[PDB]
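Take a look at this one chain, the form deposited in one PDB entry, written out in structure tokens.
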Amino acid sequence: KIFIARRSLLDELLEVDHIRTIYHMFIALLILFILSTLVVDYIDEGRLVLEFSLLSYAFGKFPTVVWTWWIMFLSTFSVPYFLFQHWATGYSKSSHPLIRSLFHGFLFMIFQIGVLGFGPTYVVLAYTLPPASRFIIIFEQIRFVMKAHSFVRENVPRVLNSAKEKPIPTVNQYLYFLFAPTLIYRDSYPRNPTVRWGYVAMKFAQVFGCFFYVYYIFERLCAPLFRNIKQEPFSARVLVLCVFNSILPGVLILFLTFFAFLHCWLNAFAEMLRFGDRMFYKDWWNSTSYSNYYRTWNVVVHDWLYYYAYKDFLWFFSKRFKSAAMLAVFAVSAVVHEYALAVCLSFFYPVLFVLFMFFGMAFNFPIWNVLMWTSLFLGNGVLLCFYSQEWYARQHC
């Protein structure tokens, strides 16, 4: 993939004053959120505003988290790099490389499935991190395993081709790359001129605001709907009204966390690292088809999945139909998302998996844009509703 230096689409679309007043509408809704919250706290407690309880809960064992992420960063920075450095020369010199290459590949596969497959899982399941603090490092586990597989899969064909012709990376560029936003070792060879401290300052400020806005969304919209509403009727009417009323919190979480994470989080970590030289999403809100919607949401994970998984999984399978391969990579993406949600939530019941399959096989056989939006609203509503329902159901009993 070619990395052309165009910015994020929202960063150039947000200067139009209608979208600018959409943004101001959101932050004025945030002002009303904090005002209602402070007023309710001041009328309930009488005084002592600004408690920040649930962020002290969900970010509890933060020293453990930073130590785990530090040893994880050191592991993913040293062990794959040193393993590949040790493998390259021996592959060049040894008499039989067909066995040694398989042996070091087995070493790397027992690392990325042993170290990055148990360590971030064992720390979580043993030291029992709170859900957000376990989610952050299982997301770091996913990011690290994907990035290490990308590193090795871009370096092994390079060494093999240069040895059939008869190119090891440097420590500095890998050290920088595992901090870069992208997920392909092609890397940030196109870079930016200067770190604009005010620009990254306002981007991190927007990250701050969007995170606290998610906090208040869970405080005012997902606390009344989902905290111990258990005068159990087991009614399908109550369930359909939950999946209806939890569309606004669901779709606000969707909009604002897409914005927050992609746009401002990794644009801050783009212009702080001088690699804002790629787009991270096209307009997914404008998709004539659902297959057209797949290619243009979270295009980093899509780039990784499509390129590596799809290309290798069809070139090695040699299937007659590529639609089967597309469904296979969508199934592996569904199981990856389900595993992430299962380890950060500690839950079965993958409504994401069966809902994904249903909305995929139901669209297979501008009115379709309206159907995409109603499917997206109903699916986001049912996803947030059922996952929050399970989470507050085990927290109930």
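Between two forms, the rigid core is defined as the largest C-alpha subset superposing within 1.5 Å. Throughout, we count residues from 1 along the sequence that is shown.
Same protein, other form: the form deposited in another entry, not shown, and the subject of what follows.
With a cut-off of 2 Å and the rigid core superposed, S246 has a Cα displacement that reaches or exceeds the cut-off between the shown form and the other one. Superposition of the core reveals a Cα shift of 2 Å or more for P97 between the shown form and the other one.
Once both forms are fitted on their rigid core, the CA atom of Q231 lies 2 Å or more apart between the shown form and the other one.
Compared with the form shown, the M372-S333 C-alpha separation increases in the other entry, the change being 3 Å or greater. Between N292 and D283, the C-alpha separation grows by 3 Å or more in the other entry, relative to the conformation displayed.
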